[PDB]
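> Dropping in the first section of the assembly, placed as in the complex:
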Amino acid sequence: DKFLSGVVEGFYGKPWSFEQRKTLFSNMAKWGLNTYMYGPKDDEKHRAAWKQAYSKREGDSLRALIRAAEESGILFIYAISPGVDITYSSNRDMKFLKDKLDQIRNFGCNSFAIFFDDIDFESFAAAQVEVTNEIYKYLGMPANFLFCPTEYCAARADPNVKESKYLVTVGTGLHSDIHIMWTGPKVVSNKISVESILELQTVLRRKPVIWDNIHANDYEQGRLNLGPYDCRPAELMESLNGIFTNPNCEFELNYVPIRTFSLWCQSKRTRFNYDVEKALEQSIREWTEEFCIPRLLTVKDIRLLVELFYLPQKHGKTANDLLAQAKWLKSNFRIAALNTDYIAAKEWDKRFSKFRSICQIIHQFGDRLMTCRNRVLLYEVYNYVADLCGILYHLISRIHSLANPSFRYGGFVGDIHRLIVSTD
């Protein structure tokens, strides 16, 4: 039990394929991080079909996945969410849990993760502690046994944030060799700090394991998190028993965030210094080297793509420059189509022609990305660039319509978005 630094499949919608998970395991071996939790929402065998057992074909597929993870040199953690209605009462569903963990142990893996409310009331705390301790005693002593609480973030703890008493019950009543999952101050989890982890270490009397969601994208329309691993210090890695991350739903776009997270873990095993921009440019150089592979573009344009679709907490340099220029063209547009007023209109036309040149070069980047060698990495990235070029052309057309003397975009989702931004 050294450190459980890995990548989960806690996102919704996409099942990653067997070769995608195999290349993920080989990337895990060559990068340094040594864990992989298996919680896919497409696989409903561990979520609601745990009363049922595993079949022959999907059992052999999971056995091949487990032995592929074993031969790659990483470890496999099977996350099963039966629900918070066990309470050790009837023990028929506890027998179903024991038979399910027996057949997963027959499939090859020995590490588990009991989930009650999966990270995306009352009188359940001591019952879930008893259920988790009886399951952990039934499996003897597994080396890496995880447990996700119902109040996995400070926004979900309803009595205050220090002592909601559910965290103190699962801190005192559970066995000391079981890890507790956590997310941070928020479920979306932007700008986390070591003080919340320190008071959680005070409450839980053990080091937790941070399920992170700084690269997750299932909760927003068109969000892509190709940004680096930022706003987490090295001492946050120091005061834990491991830290997982939830990447994007599309696998081939997750080269740069998993590589910056691998820098953030494996270089910090030796020395606690971390440069975000150096790891970002190293990951983007390795991503251009992976971009040239013809699996069925210079570094500057892919730097522009990474700096556009950044983290949810902060945009990139180019994105902030475009938002500042769009705000400047939107604010002082009354001097348009009109000595000092005429040169101010010429300055406004200079800024607007700079904006048109930015949309033209990002459309040329879209065509040059369309002429790529890799195609399965092309399709996962093309929709974001195409919709960005469309909304940037709509922005430029709106500014040009406001220059000289409705708007439907996004369908119903964009209609709801415009209905909650526009005021009375």
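That came in fine, so what should we check first? Numbering: from 1, shown residues only, chains lettered A, B, ... in the order given.

> Every contact and neighbour count from this point should use C-alpha atoms.
Will do.

> residues contacting residue A:225?
Neighbouring residues of residue A:225 by C-alpha atoms under 8 Å, 6 or more residues apart in numbering: A:214, A:215, A:216, A:217, A:248, A:257, A:309, A:310, A:311, A:312.

> Tell me the one among those nearest to residue A:82.
Lowest distance from residue A:82 to those (C-alpha to C-alpha) belongs to residue A:216, with 23.4 Å.

> how close does the closest one sit to residue A:251?
12 Å (C-alpha to C-alpha, to the nearest Å).

> and those two? which has more neighbours close in?
Neighbour comparison, residue A:216 and residue A:251: the larger count goes to residue A:216, with 24 against 19 (by other C-alpha atoms under 10 Å).

> so that one touches residue A:9, yeah?
No. Using C-alpha atoms under 8 Å, residue A:216 is not in contact with residue A:9; the gap is 10.2 Å.

> shared neighbours of the two, anything?
A:246, A:247.

> mind listing what's buried in stretch A:335-355?
Neighbour-count burial for stretch A:335-355, counted by 16 or more other C-alpha atoms under 10 Å, picks out A:335, A:336, A:345, A:346, A:348, A:349, A:351, A:352, A:355.

> what comes into contact with it?
Contact with stretch A:335-355 is made by A:322, A:325, A:329, A:333, A:396, A:403, A:404, A:405, as judged by C-alpha under 8 Å, 6+ apart.

> mind redoing it with 6 Å?
A:403, A:404 (C-alpha atoms under 6 Å, 6 or more residues apart in numbering).

> And stretch A:130-148, by the same measure?
Here stretch A:130-148 has contacts from A:88, A:111, A:112, A:113, A:114, A:115, A:178, A:179, A:180, A:181, using C-alpha under 6 Å, 6+ apart.

> same deal with stretch A:166-184?
Identification of contacts with stretch A:166-184 by C-alpha under 6 Å, 6+ apart yields A:125, A:129, A:145-148, A:152-153, A:203-204, A:208-212.

> As chain B, please add this:
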Amino acid sequence: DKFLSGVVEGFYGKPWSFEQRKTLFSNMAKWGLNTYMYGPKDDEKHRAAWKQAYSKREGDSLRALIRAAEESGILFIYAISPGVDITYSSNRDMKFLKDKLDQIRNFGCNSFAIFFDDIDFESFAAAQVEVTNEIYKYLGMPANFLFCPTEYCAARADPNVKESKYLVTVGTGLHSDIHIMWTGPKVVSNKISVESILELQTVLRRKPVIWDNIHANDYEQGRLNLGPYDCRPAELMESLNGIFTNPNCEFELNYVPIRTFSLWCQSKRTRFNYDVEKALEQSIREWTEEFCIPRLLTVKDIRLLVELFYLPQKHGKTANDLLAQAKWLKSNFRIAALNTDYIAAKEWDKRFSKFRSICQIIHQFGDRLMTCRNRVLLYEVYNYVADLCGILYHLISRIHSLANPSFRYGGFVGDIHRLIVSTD
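Take a look at chain B, now in place beside the chains above:
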């Protein structure tokens, strides 16, 4: 040369697989429409690599695709876009065009479609007419030879809309057995009429073929067009030489628009009456019958899904009801948290609880759709429902925050969207 009613691949990004095109051909055989134009943007052999030839493996794949279309009972039209810089001048690139059409004729197909500006200046009209007539004379007399002009819509004709003189040059100079592509009054092409097609038949002195884009979705973020085929009369089908349609980028979502278009063509071959709602409920019943297939939910919830992601020209009944209720809750929110004012606040709370019940039942529809048998049709539809549930919960949270005493969504695309809706 009866009628070229078919489905194109003119969308961007997605290459449809061989089995997807095979099931598309079997659906084409069992529904009635008998054409398929091949213009995929992922295949750059016909767009810029037409100087190069076809390889052995992709040539055998195209030969298998052509013979699969032949054995299904439909016909195959190969669309090639060399560019508008031919002008019959050097004839080396004309020899490249002749060798490319020779190897496509060796692959099996005999129908073609010369494109100059693909539907998504000056002094080119008589040169492109000469190039198209020399190519059509080189191929003898193909039965179905198509030609897409540069000014394919009335919004692209720069001198007026009746006589831009490019349309009159390609109407008089071309051979009378060549069809001319058209889109309508707009490239996006909503609410088209028979009068524009009548004046185009006056100008072009032949019946055109309408490339339609009423179900296209590559040009907007999160747009899904699961709506029926609407706002096109039967006499529009009467005064043509065929009509194609551009469906969505995801293949398995295109059951209902291609089935309503198949109703709109094949039932109108016998009688020109068309019910939009009867064809919509027949296509949604056949889509539930296809929904139950376990290829790796009652009719009311899939009716709710189709009525949500409707056409770009008009929303459904449920979507208009939700927008009207959101506008009503947004408009008179000042009576909230406050005799007549108190019962008005209770009426406001009744409408807000109705809105919360609508978001709850659409999240339950999301979970019940997640428990489906088909998975490759699950993943193509899950992202739209998940982002709709997220933006509806954000709408309800904003209305509840406005009830009793920034906003980041979409990333950079949503930032541009909020920057072009919000005013000074």
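
> can you check the contacts of residue A:225 again with chain B included?
By C-alpha atoms under 6 Å, 6 or more residues apart in numbering or on different chains, the contact list for residue A:225 reads A:215, A:309, A:310, A:311.

> Is the first one part of a helix or strand, or is it coil?
Reduced to three states with DSSP: H, G, I helix; E, B strand; the rest coil, the structure at residue A:215 is coil.

> measure the one residue sitting closest to the centre of chain A to chain B for me?
In chain A, the residue lying closest to the centroid (C-alpha atoms, centre = their mean) is residue A:216, at 2.5 Å. Using C-alpha to the nearest C-alpha, to the nearest Å, residue A:216 is found at 12 Å from chain B.

> in the stretch 201-350 of chain A, which spans are strands?
A:209-212, A:243-245 (DSSP state E, counting those that start in this stretch).

> Now those strands in CSV, please, with extra columns for mean neighbour count and distance to residue B:3.
Listed next are the strands of the stretch 201-350 of chain A as CSV, based on neighbours: other C-alpha atoms under 10 Å in any protein chain shown; distance: least, C-alpha to C-alpha, whole Å:
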stretch, mean neighbour count, distance to residue B:3
strand A:209-212, 24, 57
strand A:243-245, 23, 55
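
> okay, those strands in a markdown table with distance to residue A:365 next?
Output for the strands of the stretch 201-350 of chain A, formatted as a markdown table (distance: least, C-alpha to C-alpha, whole Å):
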| stretch | distance to residue A:365 |
| --- | --- |
| strand A:209-212 | 32 |
| strand A:243-245 | 30 |
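
> For chain B, find the nearest of the ones you listed.
When those are compared by C-alpha to the nearest C-alpha, strand A:209-212 sits nearest chain B, at 18.7 Å.

> Show me what the closest one is in contact with.
Identification of contacts with strand A:209-212 by C-alpha under 6 Å, 6+ apart yields A:181, A:182, A:183, A:240, A:241, A:242, A:243, A:244, A:245, A:246.

> re the thing from before, quick one: which of the contacts of residue A:225 is nearest to chain B?
residue A:309 (6.8 Å).
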